[PDB]
Amino acid sequence: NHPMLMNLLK
Amino acid sequence: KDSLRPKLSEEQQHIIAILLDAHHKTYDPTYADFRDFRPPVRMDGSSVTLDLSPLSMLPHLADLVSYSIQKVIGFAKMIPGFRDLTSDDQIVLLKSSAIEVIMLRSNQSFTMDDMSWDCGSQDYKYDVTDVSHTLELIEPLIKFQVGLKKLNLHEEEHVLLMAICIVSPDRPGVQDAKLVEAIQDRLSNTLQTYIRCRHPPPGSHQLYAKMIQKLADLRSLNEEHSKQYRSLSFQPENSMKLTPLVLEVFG
Ligand SMILES: C=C1/C(=C\C=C2/CCC[C@]3(C)[C@@H]([C@H](C)C[C@H]4C[C@@](C)(O)C(=O)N4CCCCc4ccccc4)CC[C@@H]23)C[C@@H](O)C[C@@H]1O
């Protein structure tokens with residue numbers, strides 16, 4: 001449930 | 001027996017070069033991006049008199065924090081070893097340390113001439129009045145920034161402290177604490193060896209112990225920021241003024 005933070009770590 | 005003289009190893013010199021470079025790419029000391037934020041509002045629109053709404057600075061500071069979260073993430077990804085972690089541990093480390101790294105890194109713009117964060121112009125100079133029952137957070141915060149500014153850290157020490165902050169193995173939700181601890185140990189030894197070999201006396205006296213105390217001070221500010229944030233974000237009129245990234249990270 002952290003899609004934006006997860007996207008920034010890609 | 002002469003092998004006990006501290007010497008900064010080649011890997012330790014690479015770690016410093018990477019953290020310096022990562023911070024130079026993620027912290028713009030000209031603050032040019034601040035123009036993209038929702039404008040700061042201190043004067044009444046009718047602008048020789050002050051605006052009396054206590055949340056008039058919220059759109060601007062919310063955009064500033066949200067932007068700074070992006071830069072902290074960008075810097076953390078360059079921390080040697082951070083990418084060996086699972087994506088869950090990375091998320092747990094950033095969620096926990098984001099507001100602490102923001103307060104650490106803000107010390108670059110903080111000035112003791114008038115105890116404000118000065119980002120190149122008076123539009124982007126933030127004092128206590130702007131950040132303003134938020135004094136529960138702001139008075140400690142300012143005492144913290146003064147104490148940190150007085151340590152007179154080399155840029156090398158400064159970025160190392162930011163990286164040691166992010167990679168804390170005791171953060172809640174961390175799964176692989178042994179791996180996180182090994183990454184932090186490599187950074188801690190770098191900083192301790194850096195101070196002993198590169199930081200001349202007298203400023204280097206007890207410096208590492210003082211820096212670790214600032215990490216301890218940050219925990220208390222983190223909890224304090226958490227209480228203020230949960231009471232602010234509860235009112236829908238105020239959370240409308242937030243950004244999706246801040247809501248996800250701080251919620
Ligand atoms: C963030 C940085 C900089 C400064 C950081 C500052 C100075 C301004 C005030 C900052 C952003 C603090 C925030 C306001 C904390 C804010 C941001 C927020 C929304 O996360 C929160 O809950 N806060 C504390 C509750 C305050 C509620 C309130 C807000 C506005 C007006 C009235 C009441 C936290 C760190 C401080 C400048 C530069 O060095 C870049 C750096 O990354």
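Order of appearance sets the numbers: ligands from 1, and atoms from 1 within every ligand. Each chain gets a letter, A, B and so on, in the order its sequence line appears, and its residues count up from 1. As a basis for the values below, the full set of heavy atoms in this structure was taken, side chains included, without hydrogen atoms, waters or symmetry mates.
- Among B:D28, B:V128, B:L58, the residue whose heavy atom lies closest to atom 29 (C) of ligand 1 is B:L58.
- Close approach of ligand 1 to B:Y229 (heavy-atom distance below 4.0 Å) involves ligand atoms 22 (O).
- Ring planes of B:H23 and B:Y27: tilted class, angle from 30 to 60°.
- Aromatic rings from B:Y124 and B:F34 are positioned such that their centres are separated by under 6.0 Å.
- Here is the list of ligand 1 atoms found below 4.0 Å of a heavy atom in B:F250: 20 (O).
- Only the side chain of B:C119 comes within 4.0 Å of ligand 1, judged by heavy-atom distances.
- Closest heavy-atom approach to atom 33 (C) of ligand 1 among the candidates B:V249, B:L232, B:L141, B:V131: B:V131.
- For ligand 1, one of its N or O atoms has an N or O atom of B:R105 under 3.5 Å away.
- Residue contacts with ligand 1: B:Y27 is placed with a nitrogen or oxygen under 3.5 Å of a nitrogen or oxygen of the ligand (distance criterion only).
- Here's the thing with B:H225: one of its N/O atoms is less than 3.5 angstrom from an N/O atom of ligand 1.
- Each of B:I195, B:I79, B:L187, B:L153 was compared with B:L160 under the side chain to side chain contact (heavy atoms under 4.5 Å, CB included) criterion, and only B:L187 meets it.
- Within the listing of ligand 1, atoms 1 (C) sit less than 4.0 angstrom from a heavy atom of B:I102.
- Within the 4.0 Å heavy-atom criterion, the part of B:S132 lying near ligand 1 is the backbone and not the side chain.
- At least one N or O atom of B:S109, backbone or side chain, sits closer than 3.5 Å to an N or O atom of ligand 1.
- The parts of B:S106 lying near ligand 1 are both backbone and side chain, judged by heavy-atom distances below 4.0 Å.
- The six-membered or imidazole ring of B:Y126 lies away from that of B:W117, with a centre-to-centre distance of 6.0 Å or more.
- Residue B:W117 holds the heavy atom nearest to atom 6 (C) of ligand 1 of all those in B:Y124, B:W117, B:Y126, B:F34.
- A salt bridge is absent between B:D51 and B:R42; no separation between the charged side-chain nitrogens and carboxylate oxygens falls under 4.0 Å.
- Between B:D217 and B:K210, no side-chain nitrogen of the basic residue sits less than 4.0 Å from a carboxylate oxygen of the acidic one, so the salt-bridge criterion is not met.
- Taking 4.0 Å as the cut-off, B:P54 counts as a neighbour of ligand 1 on heavy-atom distance.
- Atom CD1 of B:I99 is separated from atom CG of B:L137 by 8.0 Å, given to the nearest 0.5 angstrom.
- Residue B:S226 forms a side-chain hydrogen bond (donor to acceptor under 3.5 Å, both in side chains) with just one option from B:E223, B:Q228, B:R230, and that option is B:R230.
- Ionic pairing of B:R105 and B:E100 is not present here: no N-O contact between side-chain nitrogen and carboxylate oxygen is shorter than 4.0 angstrom.
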